[PDB]
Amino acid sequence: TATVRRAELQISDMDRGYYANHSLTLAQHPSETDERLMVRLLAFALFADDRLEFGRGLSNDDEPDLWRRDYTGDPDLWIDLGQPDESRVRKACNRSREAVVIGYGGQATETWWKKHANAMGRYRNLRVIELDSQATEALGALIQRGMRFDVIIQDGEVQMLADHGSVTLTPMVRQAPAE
């Protein structure tokens, strides 16, 4: 039994020049924790677009957790949460204009990076970011069936502000595509 959540995001991104409002619906898979759901919501806010959509990346074969696809269907942006294996990383870079991995697993994610850092330099269209695990776990505690967040982004720092609590974190960029 999946459960559907509503999320309203009022986004103020100083870094992007992005100000918009998003009325979202998220189906929480039975295997998806509250923490992972909120990381997906946060991911949407970090990359928010009129055309960004949640994929069903948890019936895990073909889709990312989030994606923006061009007007002919091909992925422009492919976002996978967690610690995808090498083949999943390779696939995403090969399949999409930009691929993003968003890790949040604490020591596991640092160890994963140091293990694969030399390797992942082989990709030029990959963005790897790491979120502090204690912050994501605090963010998961703010989960509700009907949510409203101000997402304030400024100088690489993100605040997720609701009437019932707040979490602020600074995503760590391990790798970004060449501009």
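From 1 onward, residues are counted along the sequence shown.
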Item to check | Entry-level comparison of average CA B-factors, 124 to 132 and 50 to 58, reporting the higher stretch | outcome: 50 to 58
Item to check | Chain thirds of CA B-factor: placement of residue 173 | outcome: lowest
Item to check | Cα B factor band for residue 140 (lowest, middle or highest third within the chain) | outcome: lowest
Item to check | residue 12 CA temperature factor, ranked by third within the chain | outcome: highest
Next on the checklist: Using only modelled residues of the chain, where does the Cα B factor of residue 152 rank: lowest third, middle third or highest third?
Outcome noted: middle
Item to check | CA B-factor ranking of residue 70, expressed as a third of its chain | outcome: middle
